[PDB]
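To be precise, the following lines are final_25.txt, and they hold compact mmCIF, N, CA, C and O atoms.
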# COMPACT_ATOMS: atom_id res chain seq x y z
N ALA A 165 0.83 -1.20 0.00
CA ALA A 165 0.00 0.00 0.00
C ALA A 165 0.86 1.25 0.00
O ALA A 165 1.90 1.30 0.66
N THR A 166 0.43 2.27 -0.74
CA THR A 166 1.18 3.52 -0.84
C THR A 166 0.91 4.36 0.40
O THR A 166 -0.22 4.77 0.65
N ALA A 167 1.96 4.60 1.19
CA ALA A 167 1.83 5.35 2.44
C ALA A 167 1.67 6.83 2.13
O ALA A 167 2.65 7.52 1.82
N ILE A 168 0.44 7.33 2.21
CA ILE A 168 0.21 8.75 2.00
C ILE A 168 0.79 9.57 3.16
O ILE A 168 1.20 10.72 2.97
N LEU A 169 0.84 9.00 4.36
CA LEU A 169 1.48 9.65 5.50
C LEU A 169 2.41 8.67 6.20
O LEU A 169 2.15 7.47 6.24
N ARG A 170 3.48 9.22 6.78
CA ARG A 170 4.41 8.41 7.55
C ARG A 170 4.87 9.29 8.71
O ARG A 170 4.85 10.52 8.59
N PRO A 171 5.28 8.69 9.83
CA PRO A 171 5.66 9.46 11.03
C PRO A 171 7.00 10.16 10.85
O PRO A 171 8.06 9.70 11.30
N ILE A 172 6.97 11.31 10.18
CA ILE A 172 8.18 12.11 10.01
C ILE A 172 8.54 12.85 11.29
O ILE A 172 9.66 13.37 11.40
N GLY A 173 7.63 12.90 12.26
CA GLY A 173 7.95 13.52 13.53
C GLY A 173 7.94 15.04 13.47
O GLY A 173 7.36 15.66 12.58
N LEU A 174 8.60 15.63 14.46
CA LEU A 174 8.63 17.07 14.59
C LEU A 174 9.62 17.71 13.64
O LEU A 174 10.53 17.06 13.12
N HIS A 175 9.44 19.01 13.43
CA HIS A 175 10.47 19.83 12.82
C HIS A 175 11.36 20.41 13.91
O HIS A 175 10.90 21.21 14.73
N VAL A 176 12.62 20.00 13.93
CA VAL A 176 13.61 20.52 14.87
C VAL A 176 14.82 20.99 14.08
O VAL A 176 15.32 20.26 13.22
N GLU A 177 15.28 22.20 14.35
CA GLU A 177 16.44 22.77 13.69
C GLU A 177 17.58 22.87 14.69
O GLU A 177 17.46 23.55 15.71
N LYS A 178 18.69 22.21 14.39
CA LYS A 178 19.88 22.24 15.23
C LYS A 178 20.93 23.13 14.57
O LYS A 178 21.22 22.97 13.38
N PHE A 179 21.50 24.05 15.35
CA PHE A 179 22.52 24.97 14.86
C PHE A 179 23.80 24.76 15.66
O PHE A 179 23.78 24.80 16.89
N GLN A 180 24.90 24.54 14.95
CA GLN A 180 26.21 24.37 15.56
C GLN A 180 27.04 25.62 15.28
O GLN A 180 27.14 26.06 14.13
N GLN A 181 27.63 26.18 16.33
CA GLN A 181 28.41 27.40 16.21
C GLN A 181 29.80 27.18 16.80
O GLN A 181 29.98 26.41 17.74
N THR A 182 30.78 27.87 16.23
CA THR A 182 32.18 27.76 16.64
C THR A 182 32.68 29.15 17.02
O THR A 182 32.41 30.12 16.32
N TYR A 183 33.42 29.22 18.13
CA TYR A 183 33.99 30.47 18.61
C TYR A 183 35.48 30.28 18.83
O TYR A 183 35.89 29.39 19.58
N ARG A 184 36.28 31.11 18.17
CA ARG A 184 37.73 31.01 18.22
C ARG A 184 38.33 32.33 18.68
O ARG A 184 37.88 33.41 18.29
N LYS A 185 39.37 32.23 19.50
CA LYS A 185 40.13 33.39 19.93
C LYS A 185 41.61 33.03 19.96
O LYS A 185 41.98 31.86 20.12
N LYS A 186 42.45 34.04 19.81
CA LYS A 186 43.89 33.91 19.95
C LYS A 186 44.37 34.96 20.93
O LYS A 186 44.16 36.16 20.70
N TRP A 187 45.00 34.53 22.01
CA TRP A 187 45.47 35.43 23.04
C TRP A 187 46.96 35.23 23.27
O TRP A 187 47.47 34.11 23.21
N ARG A 188 47.64 36.34 23.53
CA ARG A 188 49.07 36.33 23.84
C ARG A 188 49.21 36.82 25.27
O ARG A 188 48.78 37.93 25.60
N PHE A 189 49.81 36.00 26.13
CA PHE A 189 49.87 36.28 27.55
C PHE A 189 51.31 36.43 28.01
O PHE A 189 52.19 35.66 27.60
N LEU A 190 51.54 37.42 28.86
CA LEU A 190 52.83 37.61 29.51
C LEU A 190 52.71 37.23 30.98
O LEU A 190 51.82 37.69 31.69
N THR A 191 53.63 36.37 31.43
CA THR A 191 53.59 35.80 32.77
C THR A 191 54.88 36.15 33.50
O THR A 191 55.96 36.07 32.91
N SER A 192 54.76 36.55 34.76
CA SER A 192 55.93 36.85 35.57
C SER A 192 56.47 35.58 36.22
O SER A 192 55.71 34.72 36.66
N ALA A 193 57.80 35.47 36.26
CA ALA A 193 58.44 34.36 36.94
C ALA A 193 58.51 34.62 38.44
O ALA A 193 59.59 34.88 38.99
N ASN A 194 57.36 34.56 39.12
CA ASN A 194 57.30 34.89 40.53
C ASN A 194 58.12 33.91 41.36
O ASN A 194 58.20 32.72 41.05
N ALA A 195 58.74 34.43 42.42
CA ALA A 195 59.53 33.59 43.31
C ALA A 195 58.62 32.75 44.20
O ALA A 195 57.44 33.06 44.40
N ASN A 196 59.18 31.67 44.74
CA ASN A 196 58.47 30.81 45.68
C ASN A 196 58.71 31.35 47.08
O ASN A 196 59.73 31.06 47.71
N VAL A 197 57.76 32.14 47.58
CA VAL A 197 57.88 32.84 48.85
C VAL A 197 56.67 32.50 49.70
O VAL A 197 55.54 32.51 49.22
N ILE A 198 56.91 32.20 50.97
CA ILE A 198 55.84 31.91 51.92
C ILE A 198 55.24 33.23 52.39
O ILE A 198 55.96 34.12 52.84
N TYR B 298 83.57 28.75 54.04
CA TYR B 298 84.49 29.88 54.02
C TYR B 298 83.76 31.19 54.31
O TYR B 298 82.55 31.31 54.15
N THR B 299 84.54 32.17 54.75
CA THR B 299 84.13 33.56 54.70
C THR B 299 84.83 34.24 53.52
O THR B 299 85.93 33.85 53.12
N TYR B 300 84.19 35.26 52.97
CA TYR B 300 84.63 35.85 51.72
C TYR B 300 84.86 37.34 51.88
O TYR B 300 84.27 38.00 52.75
N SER B 301 85.74 37.87 51.04
CA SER B 301 86.01 39.30 51.03
C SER B 301 84.90 40.05 50.32
O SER B 301 84.23 39.53 49.43
N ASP B 302 84.69 41.30 50.74
CA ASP B 302 83.62 42.11 50.17
C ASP B 302 83.96 42.57 48.76
O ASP B 302 83.10 42.51 47.86
N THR B 303 85.19 43.03 48.53
CA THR B 303 85.58 43.48 47.20
C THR B 303 85.66 42.31 46.22
O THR B 303 85.34 42.47 45.04
N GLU B 304 86.08 41.14 46.69
CA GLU B 304 86.18 39.94 45.87
C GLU B 304 85.28 38.88 46.50
O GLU B 304 85.72 38.09 47.35
N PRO B 305 84.00 38.84 46.10
CA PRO B 305 83.07 37.89 46.72
C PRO B 305 83.41 36.43 46.48
O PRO B 305 82.90 35.57 47.20
N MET B 306 84.25 36.13 45.49
CA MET B 306 84.58 34.75 45.17
C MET B 306 85.89 34.31 45.81
O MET B 306 86.35 33.19 45.54
N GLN B 307 86.50 35.15 46.64
CA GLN B 307 87.78 34.86 47.26
C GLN B 307 87.58 34.52 48.73
O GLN B 307 87.16 35.40 49.50
N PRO B 308 87.85 33.29 49.16
CA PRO B 308 87.81 33.00 50.60
C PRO B 308 88.86 33.80 51.35
O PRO B 308 89.98 34.00 50.88
N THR B 309 88.48 34.27 52.53
CA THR B 309 89.38 35.00 53.40
C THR B 309 89.38 34.48 54.83
O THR B 309 89.80 35.21 55.74
N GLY B 310 88.93 33.26 55.05
CA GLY B 310 88.84 32.71 56.38
C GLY B 310 87.87 31.55 56.39
O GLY B 310 87.42 31.07 55.35
N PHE B 311 87.55 31.10 57.60
CA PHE B 311 86.62 30.00 57.81
C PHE B 311 85.45 30.46 58.67
O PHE B 311 85.63 31.16 59.67
N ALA B 312 84.25 30.05 58.27
CA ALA B 312 83.09 30.20 59.13
C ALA B 312 83.15 29.19 60.27
O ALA B 312 83.72 28.10 60.13
N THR B 313 82.56 29.55 61.40
CA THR B 313 82.51 28.64 62.54
C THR B 313 81.42 27.58 62.40
O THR B 313 81.33 26.70 63.26
N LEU B 314 80.61 27.65 61.35
CA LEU B 314 79.55 26.68 61.13
C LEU B 314 80.14 25.28 61.03
O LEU B 314 80.96 25.00 60.15
N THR B 315 79.72 24.39 61.93
CA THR B 315 80.21 23.02 61.94
C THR B 315 79.46 22.18 60.91
O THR B 315 78.52 22.63 60.25
N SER B 316 79.90 20.93 60.77
CA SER B 316 79.27 20.02 59.83
C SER B 316 77.84 19.67 60.24
O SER B 316 76.95 19.60 59.40
N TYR B 317 77.62 19.44 61.54
CA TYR B 317 76.26 19.19 62.02
C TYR B 317 75.36 20.37 61.72
O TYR B 317 74.24 20.20 61.22
N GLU B 318 75.83 21.58 62.03
CA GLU B 318 75.03 22.77 61.77
C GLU B 318 74.80 22.97 60.28
O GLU B 318 73.70 23.36 59.86
N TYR B 319 75.82 22.72 59.46
CA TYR B 319 75.66 22.85 58.02
C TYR B 319 74.60 21.90 57.49
O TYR B 319 73.73 22.29 56.70
N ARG B 320 74.65 20.63 57.91
CA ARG B 320 73.70 19.66 57.40
C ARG B 320 72.30 19.92 57.94
O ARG B 320 71.30 19.68 57.25
N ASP B 321 72.20 20.43 59.17
CA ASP B 321 70.90 20.82 59.70
C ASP B 321 70.30 21.97 58.92
O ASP B 321 69.11 21.96 58.58
N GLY B 322 71.11 22.99 58.61
CA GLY B 322 70.62 24.09 57.80
C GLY B 322 70.21 23.65 56.41
O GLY B 322 69.20 24.11 55.87
N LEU B 323 70.99 22.76 55.81
CA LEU B 323 70.64 22.24 54.49
C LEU B 323 69.35 21.43 54.55
O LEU B 323 68.52 21.51 53.64
N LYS B 324 69.15 20.66 55.62
CA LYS B 324 67.90 19.92 55.80
C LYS B 324 66.72 20.87 55.92
O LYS B 324 65.65 20.63 55.34
N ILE B 325 66.88 21.95 56.69
CA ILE B 325 65.78 22.90 56.84
C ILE B 325 65.49 23.60 55.52
O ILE B 325 64.33 23.89 55.20
N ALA B 326 66.52 23.89 54.72
CA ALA B 326 66.28 24.43 53.39
C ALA B 326 65.56 23.43 52.51
O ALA B 326 64.73 23.81 51.67
N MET B 327 65.86 22.14 52.67
CA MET B 327 65.24 21.11 51.85
C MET B 327 63.77 20.92 52.21
O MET B 327 62.93 20.72 51.33
N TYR B 328 63.44 20.96 53.50
CA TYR B 328 62.13 20.54 53.97
C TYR B 328 61.36 21.60 54.74
O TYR B 328 60.16 21.41 54.98
N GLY B 329 61.99 22.70 55.12
CA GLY B 329 61.28 23.78 55.77
C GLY B 329 61.09 23.56 57.26
O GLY B 329 61.51 22.56 57.85
N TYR B 330 60.43 24.54 57.88
CA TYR B 330 60.15 24.51 59.31
C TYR B 330 58.80 23.86 59.58
O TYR B 330 58.04 23.53 58.67
N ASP B 331 58.52 23.67 60.87
CA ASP B 331 57.18 23.27 61.29
C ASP B 331 56.24 24.46 61.22
O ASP B 331 56.65 25.62 61.32
N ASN B 332 54.94 24.16 61.06
CA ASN B 332 53.95 25.21 60.87
C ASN B 332 53.83 26.14 62.08
O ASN B 332 53.39 27.28 61.93
N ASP B 333 54.22 25.68 63.27
CA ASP B 333 54.18 26.52 64.46
C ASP B 333 55.44 27.36 64.63
O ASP B 333 55.52 28.12 65.60
N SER B 334 56.40 27.24 63.73
CA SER B 334 57.65 27.99 63.86
C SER B 334 57.43 29.45 63.52
O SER B 334 56.84 29.76 62.47
N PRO B 335 57.87 30.39 64.36
CA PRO B 335 57.78 31.81 63.99
C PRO B 335 58.59 32.15 62.76
O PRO B 335 58.24 33.09 62.03
N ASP B 336 59.68 31.42 62.50
CA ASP B 336 60.52 31.64 61.33
C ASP B 336 60.10 30.78 60.14
O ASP B 336 60.96 30.44 59.32
N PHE B 337 58.83 30.41 60.05
CA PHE B 337 58.38 29.48 59.01
C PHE B 337 58.59 30.04 57.61
O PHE B 337 59.01 29.32 56.70
N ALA B 338 58.32 31.34 57.43
CA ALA B 338 58.37 31.92 56.09
C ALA B 338 59.79 32.02 55.54
O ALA B 338 59.96 32.20 54.33
N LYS B 339 60.80 31.91 56.40
CA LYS B 339 62.17 32.13 55.95
C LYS B 339 62.63 31.09 54.93
O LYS B 339 63.32 31.43 53.97
N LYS B 340 62.26 29.82 55.12
CA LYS B 340 62.74 28.74 54.27
C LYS B 340 61.58 27.98 53.65
O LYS B 340 61.04 27.04 54.26
N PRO B 341 61.16 28.35 52.45
CA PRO B 341 60.22 27.52 51.70
C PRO B 341 60.87 26.21 51.29
O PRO B 341 62.01 26.20 50.80
N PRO B 342 60.18 25.09 51.48
CA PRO B 342 60.83 23.79 51.25
C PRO B 342 61.15 23.58 49.78
O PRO B 342 60.31 23.77 48.91
N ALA B 343 62.40 23.17 49.52
CA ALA B 343 62.78 22.82 48.15
C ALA B 343 62.16 21.50 47.72
O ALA B 343 62.06 21.23 46.52
N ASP B 344 61.74 20.67 48.68
CA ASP B 344 61.04 19.44 48.33
C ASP B 344 59.66 19.73 47.77
O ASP B 344 59.10 18.89 47.05
N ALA B 345 59.08 20.88 48.10
CA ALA B 345 57.79 21.29 47.57
C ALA B 345 57.94 22.23 46.38
O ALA B 345 57.20 22.12 45.40
N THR B 346 58.90 23.15 46.45
CA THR B 346 59.05 24.15 45.40
C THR B 346 59.93 23.67 44.26
O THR B 346 59.69 24.03 43.10

Translate this structure into structure tokens?
Amino acid sequence: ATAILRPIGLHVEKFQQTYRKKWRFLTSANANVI
Amino acid sequence: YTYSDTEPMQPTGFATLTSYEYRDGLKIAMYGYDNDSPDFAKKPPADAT
């Protein structure tokens, strides 16, 4: 039989996003002091 | 040794620090003081740092 309807379910839209950064950091060579 | 001020790399005598005292000081530098010691901050342990 020709299925005029089939359970296609809900319409759901998934969006994938990417976030990129480049950072340059300067760090002090702190002494080991109590 | 004790050293001259103008020439810091030149021995000019002997310190009175004995071998026991030297090794005790080196041990305290290696491992630090007890937490109740008033001089605790002076020697951070090299075993930790």

(Q) Within 12 Å of chain B, which residues belong to chain A? Use only C-alpha atoms and report them as number ranges by chain. (A) A: 194-198

(Q) Between CA of residue 334 (chain B) and CA of residue 320 (chain B), what distance in Å does the model show, to one decimal? (A)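 These atoms are spaced 19.2 Å apart.
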
Q. So what do you get for atom C of residue 330 (chain B) versus atom C of residue 298 (chain B), distance-wise?
A.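 Interatomic distance, atom C of residue 330 (chain B) to atom C of residue 298 (chain B): 26.5 Å.
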
Q: Tell me, in Å to one decimal, how far atom N of residue 299 (chain B) is from CA of residue 321 (chain B).
A: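 If I compute the distance from atom N of residue 299 (chain B) to CA of residue 321 (chain B), I get 18.4 Å.
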
**Q.** Those in chain B with alpha helix (DSSP H) from DSSP, as a VMD selection string
**A.** chain B and resid 316 to 328
